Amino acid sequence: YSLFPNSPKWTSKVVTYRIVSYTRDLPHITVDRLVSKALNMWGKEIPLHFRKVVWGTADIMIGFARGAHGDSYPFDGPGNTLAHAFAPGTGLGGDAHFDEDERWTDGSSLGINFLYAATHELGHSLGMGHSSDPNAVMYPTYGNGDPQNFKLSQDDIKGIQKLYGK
């Protein structure tokens, strides 16, 4: 595993998150449930708790967007980069954006599995860097394992716990 330079991490006991925009590909409630699942996958391993807010600023702002969308990291259309996120910090720090040009799915159809992508992106929101282990969720490419049957690997758990304790 790897962490960001200077090991940025949240210092608060609770981290807030807000889903600012949704994808037309999935019901809103599915995205809400999948984001909660992704966050608790990492949450189960560490001393951290999350709270969803529906207005204003939240630590972790989540949204879908296509092409250029403010942050100077424009999406590229279908394929290639699927989503991206930023290390803990203020503003853009900790946020996670998903490329709306991708066909998102909960796993019951063809497309990119939103739960797998969200677990990877929120790992960055929490301070995780990319891993060299093809089995880790933090590996940089999508599709090595099974997007519909996965769990954090020992490499991922080792990293998050090094960052926040057990």
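Don't overthink the numbering: it's just position in the shown sequence, from 1.
Per the records, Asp25 is modelled in every other compared entry, just as the shown structure includes it, so no third of them leave it out. Where the other entries of this protein model the residues before and after it, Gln154 is kept in all of them rather than dropped from a third. Higher mean CA B-factor, judged across 8-16 and 152-160 from the recorded values: 8-16. The mean Cα B-factor in the deposited entry runs higher for 33-41 than for the other of 33-41 and 115-123. Between the residues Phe64, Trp104, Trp55, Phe50, the entry's highest C-alpha temperature factor is the one at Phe50.
In this PDB entry, the Cα temperature factor of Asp95 sits in the bottom third of its chain's modelled residues, the lowest group. Per-chain ranking of the deposited C-alpha B factor places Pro140 in the middle third. Per-chain ranking of the deposited C-alpha B factor places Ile60 in the lowest third.
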